[PDB]
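For reference, the chain that follows is the form deposited in one PDB entry, supplied as structure tokens.
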């Protein structure tokens, strides 16, 4: 799977995109963290399906797949949200039936809303494309946990870096395909990758909130993630 062309990498990633879920609230009746949590919990299931279709990810051990998802899942929900929200200045499209502005985020929620809104606006300014977005989301999946991991290990990390390298090649191909000069290409690569630092930052701040709730299962456990990932072949 390290033998896909750049164009096939793109097709594969676009094909793998999760569905856009709806919030579950009675639209005929007049809670917020409740809605957001229910949404995130349903997305996680589809996120696992998506991860398994990221070329190269299922070549890893089960344990390493879990570790990467444990590190990246909130960043992945967040970049998804920021992407969806790109065409709604000043609002966050949590779901097509749950479009919130910052005053609807108002304890310690408006702080993270604002960061998400800033990132969406940055995406809008850069005119981020769908093909670029799916590359970036895959990069988060592969990179966020890689510094936190034996001979098999070295083989695992080497493979992860090879896949990351091929996504870089793909991003560059997309930019060359759109007519950017070599200078513009490396400049845009750099701009896009630096935004991943801010997405990390946001995830840390959000994780900080979810832990402060002290509810038994508000961070996906290793064993929960393993259960979702450790699929069987009887379907």
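Positions refer to the first chain, counted from 1.
Which fits the stretch between residue 106 and residue 107: none, 1 to 3, 4 to 9, or 10 or more deposited residues lacking coordinates? Missing residues, residue 106 to residue 107: 1 to 3.
Please say, as none, 1 to 3, 4 to 9, or 10 or more, how many residues of the deposited sequence are without coordinates in the interval between residue 30 and residue 31. Unresolved stretch here: 4 to 9 residues.
Between 150-158 and 90-98, point out the one with the higher average CA B-factor as the PDB entry records it. Stretch with the greater average CA B-factor: 150-158.
Is the mean CA B factor in the deposited entry higher across 207-215 or across 12-20? 207-215 has the higher mean C-alpha B-factor.
Compare the C-alpha B factor of residue 110 with those of the other modelled residues in its chain, then answer lowest, middle or highest third. Ranked within chain, residue 110 CA B lands in the highest tercile.
Going by what the PDB entry lists, where does residue 36 fall on CA B-factor within its chain: lowest, middle or highest third? Its C-alpha B-factor, which the entry lists for residue 36, ranks in the middle third among residues of this chain.
If you rank the chain by CA B-factor, which third does residue 51 end up in: lowest, middle or highest? As the PDB entry reports it, the C-alpha B-factor of residue 51 lands in the lowest third of its chain.
Split the chain's modelled residues into thirds by Cα B-factor; is residue 181 in the lowest, middle or highest one? Ranked within chain, residue 181 CA B lands in the highest tercile.
Would you please rank residue 26 by its C-alpha temperature factor against the other modelled residues of its chain and give the third it falls in: lowest, middle or highest? Within its chain, residue 26 is a highest-third residue by C-alpha B-factor, going by the deposited values.
Omitted here: the form deposited with a partner chain bound. The next part is about that form.
Residue 62: heavy atom within 4.5 Å of its partner chain in the deposited bound form? Taking the distances in the deposited bound form, the answer for residue 62 is yes, it comes within 4.5 Å of its partner chain.
Partner contact for residue 44 in the deposited bound form: its partner chain, 4.5 angstroms, heavy atom: Contact check for residue 44: yes, within 4.5 Å of its partner chain in the deposited bound form.
For residue 94, is any heavy atom within 4.5 Å of its partner chain in the deposited bound form, or not? Residue-level check for residue 94: no, no contact with its partner chain.
According to a 4.5 angstroms non-hydrogen atom cut-off, is residue 66 in contact with its partner chain in the deposited bound form? Taking the distances in the deposited bound form, the answer for residue 66 is yes, it comes within 4.5 Å of its partner chain.
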